[PDB]
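Starting off, we have a lone chain in the form deposited in one PDB entry, written out as structure tokens.
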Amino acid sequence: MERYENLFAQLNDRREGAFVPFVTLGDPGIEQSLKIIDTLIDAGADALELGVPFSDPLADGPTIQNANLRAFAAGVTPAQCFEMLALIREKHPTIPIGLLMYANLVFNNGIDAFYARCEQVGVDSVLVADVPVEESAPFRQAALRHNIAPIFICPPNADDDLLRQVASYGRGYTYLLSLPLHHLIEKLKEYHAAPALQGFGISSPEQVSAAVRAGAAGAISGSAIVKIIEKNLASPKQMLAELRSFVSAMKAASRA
């Protein structure tokens, strides 16, 4: 399977960038979370970035911290998340699915065993938020052995050695956080990095259009989707309608 390459191939013949929502699995419940994901896909999401609720997400802001708590309140566990992942994949065979993990959940039952389970349910990539490239050797080797693409964040304070490493070790796409952007995009293209998705503060259509214009292959909406869920917790049918409105607005912005 190589869903990212196929996705980026068709996106480029159609001169579009990718729009990628992030959402916490099981937020606010298991069944509402599955309807949210089906809504995001049918409103035009090109791929999905899914979080597994973890007790101590030191790499996440408050919006996500509360999503995790909503999911834990709902009783969501990693095992249930993997069951959810198999259902999603069964309904949507071609959309790429990336997980945003914390290291302890990957380490818990064995690193190889975790990446085996990802391949079994048809997950395409894994970002481990608290494993820098310097520590990533056991993680990305397990990922490659199980045909999982390892995703690395390229931060604003990245020097050249970091970009070289990110370009060699990552697959699928590069998680870009915001030195100038166009220069960062260009250095990554020089080093043959996976296509770069911009993932900092992507809240409006004009930001989606900016990133594609700046040379990025697309944009990840890191939390703007979780706030629509938070805003509309009491009216689930309002929540879906505004999710559909937002996503199709953001995805229209990617056709430059």
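Only residues modelled in both forms are compared. The term rigid core refers to the maximal set of C-alpha atoms that superpose within 1.5 Å between the two forms. Numbering starts at 1 and runs along the sequence shown.
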Margin query: Would you say residue 158 is commonly dropped, meaning unmodelled in a third or more of the other compared entries that have residues on each side of it?
Written below: no
Check: residue 179: absent from a third or more of the other PDB entries compared?
Finding: yes
Item checked: Interval residue 178-residue 179, deposited residues with no coordinates in the entry (none, 1 to 3, 4 to 9, 10 or more) -> 10 or more
Next item on the list: Name the higher of the two by mean Cα B-factor in the PDB entry, 82-90 versus 68-76.
Entry: 68-76
Note to self: Mean Cα B factor from the PDB record: higher for 140-148, or higher for 159-167?
What the structure shows: 159-167
Check: Of the options 49, 38, 46, 190, which has the highest CA B factor as deposited?
Finding: 190
Note to self: What third of the chain does residue 154 rank in for C-alpha temperature factor, lowest, middle or highest?
What the structure shows: middle
Checklist line | Cα B factor band for residue 216 (lowest, middle or highest third within the chain) | finding: middle
Notebook entry, point to check: residue 194's Cα B-factor: lowest, middle or highest third of the chain?
Noted result: lowest
Margin query: Per the entry's values, where does residue 29 land by CA temperature factor relative to the rest of its chain, in the lowest, middle or highest third?
Written below: middle
Next item on the list: Within this chain's modelled residues, let me know which third the CA B factor of residue 53 belongs to: lowest, middle or highest.
Entry: lowest
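As for the form deposited in another entry, it is not shown, yet the points below apply to it.
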Checklist line | Entry of 42, 56, 31, 190 that shows, once the rigid core is matched between the shown form and the other one, a C-alpha shift of 2 Å or more | finding: 56
Next item on the list: Just say closer or farther for the C-alpha distance from residue 59 to residue 191 in the other entry, relative to the shown form; it changes by 3 Å or more.
Entry: farther
Next item on the list: Kindly list the runs, ordered along the sequence, of 3+ consecutive residues whose C-alpha shifts are all 2 Å or more between the shown form and the other one once the two forms are aligned on their core.
Entry: 55-62, 106-108
